[PDB]
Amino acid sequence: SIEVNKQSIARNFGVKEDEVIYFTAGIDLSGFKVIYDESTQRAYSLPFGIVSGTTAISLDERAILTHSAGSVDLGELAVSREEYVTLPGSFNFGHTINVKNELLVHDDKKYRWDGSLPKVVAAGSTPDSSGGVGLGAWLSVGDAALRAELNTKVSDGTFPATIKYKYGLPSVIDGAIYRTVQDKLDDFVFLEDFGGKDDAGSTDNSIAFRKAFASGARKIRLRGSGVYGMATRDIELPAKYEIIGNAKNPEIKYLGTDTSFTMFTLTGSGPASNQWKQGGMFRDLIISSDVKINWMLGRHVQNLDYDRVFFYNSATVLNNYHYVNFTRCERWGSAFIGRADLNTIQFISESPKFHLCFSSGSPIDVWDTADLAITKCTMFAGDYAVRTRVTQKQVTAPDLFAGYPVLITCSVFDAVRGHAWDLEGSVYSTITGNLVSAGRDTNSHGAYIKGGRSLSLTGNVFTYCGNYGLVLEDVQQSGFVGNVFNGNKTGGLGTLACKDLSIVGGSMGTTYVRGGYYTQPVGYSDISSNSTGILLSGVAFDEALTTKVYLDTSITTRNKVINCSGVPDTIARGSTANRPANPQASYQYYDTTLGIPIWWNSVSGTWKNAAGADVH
């Protein structure tokens, strides 16, 4: 019966029986709310835009209702009103869609087709394999689909890029732009983002660094407070890295037993300045190893920084390096090794600098390096503190000597087993205001300069050293003013084969201050009596010193003492044959052949005695 069918259709759409009609080519649609196609057995809501007299024309399988007025897609209107038919079966069985309001199930979720009809779906299809999802293709419909899509997006990583973010909302801030939460979160990189974990050896964080750097990331932070094990050697750093610890809590640590293991490399492409790789910063972290390693190897590099780094058994090795700063670092069993033989052009490295560092058992060993500078540092114990060497050495006339400057200022060197300073090839150096107490364990000088030229060593204190406080060997044309040499085992200041040095002011002796000293037996000694041009002026010697000065001050040596306490001013004296050849006017000479003083008279051009008589 048509009446009962119209009636149950009315119940479905929530309308009145009076308001339903069968499509019939020639009816006045006006007034009806729902139309029924008896051929397809589908019902459709009618557009509110229906005027009396508009009569049917043709109603097709696509539910396109052609009437007198114009035409209407009843399927499209049905989607608009969320009035759907869920087809039997599924994408897997396949089916054909003819109307915009037909749904097809895939995996317990429904889809409608937004493209051209009819749409045939072959058996074994999925929405993706049959047009994909989007405007003009498959669009998901309904509860199950929305739930799955939300669960999937939240759980698969895609959600943060779909959330728009703007700084300061809900406040409207002039100039703030829309970004995504993904973008904003990506403003920072932690090692953890690349699988890093401070789990004390379970994770190989070497690979996390490698991957992080390969992504283009440069500034990498450590979240943890524990030990990040490193197990793959020779990770190459990118130019201008910055690795940031969590407030000096976490360690980047090698936990193995291979002393050849190296954590990181930094490598330029060749020896010239345009080939040096730009370094970066390590800060606020511990670099450590249970065995001694060279933790980083830099070759052909410039502008490296380490700030607030704690190094444990981890030596830094650089070869052909240019400007490196260690600031506020703590170095335990962790040497600095600088070389330049890879610089095949000039055979030089430049400016390793240490500021506000503390070191224990951590020597600084630089060869063929210009302008090593150490300022406001404390170095404790170790075999030695500072060593310099020159491996070129062999000069060609008119050059007479090869070497480089160090600058060492207001630093403390204490309880070093050997020399605090073992400086070979020191040229134009300035060494000012330091405290040195070293060498006791090996009966070594506190400081030893072998091969020095044109340098200044000013205002330093050498105390309680294992031999001399300071020994100068093969040093020329250099100044030593205001230095104190106290309580040293064998002597204060010693020279060997030096030439043209000034030793001015300061003081030598023993002051017996609580905390350690020897009774120093010698002040200044030219130990092998073979220096010339050594000038001592104004030095305050402790009267109790057994030997204040040992120095040959005979007339041809050019060695001379003036106003040094407990030592006479050098007197020109000698035999008649050793009278000077070109004396200044009124020159006074004590003639040991005659046993009298004599004076050079420049007008007569003769030596005379005190009574005015010519001698000779």
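From 1 onward, residues are counted along the sequence shown.
- Relative to its counterpart among 456-464 and 107-115, 107-115 has the higher mean temperature factor, C-alpha atoms as listed in the PDB entry.
- Taking the PDB entry as given, 44-52 carries the higher mean Cα B factor of the two stretches 44-52 and 573-581.
- Between the residues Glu102, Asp193, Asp422, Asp441, the entry's highest C-alpha temperature factor is the one at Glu102.
- Highest C-alpha temperature factor among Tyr306, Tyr167, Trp138, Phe354, as the PDB entry reports it: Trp138.
- For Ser39, the recorded CA B-factor ranks within the highest third of the chain. Only modelled residues enter the ranking.
- In the PDB entry, a CA B factor belonging to the highest third of its chain's modelled residues is recorded for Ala200.
- For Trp599, the recorded CA temperature factor ranks within the lowest third of the chain's modelled residues.
- Among all modelled residues in this chain, the alpha-carbon of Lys560 has a temperature factor (C-alpha) in the lowest third.
- Sort the chain's modelled residues by C-alpha temperature factor and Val549 lands in the lowest third, per the entry.
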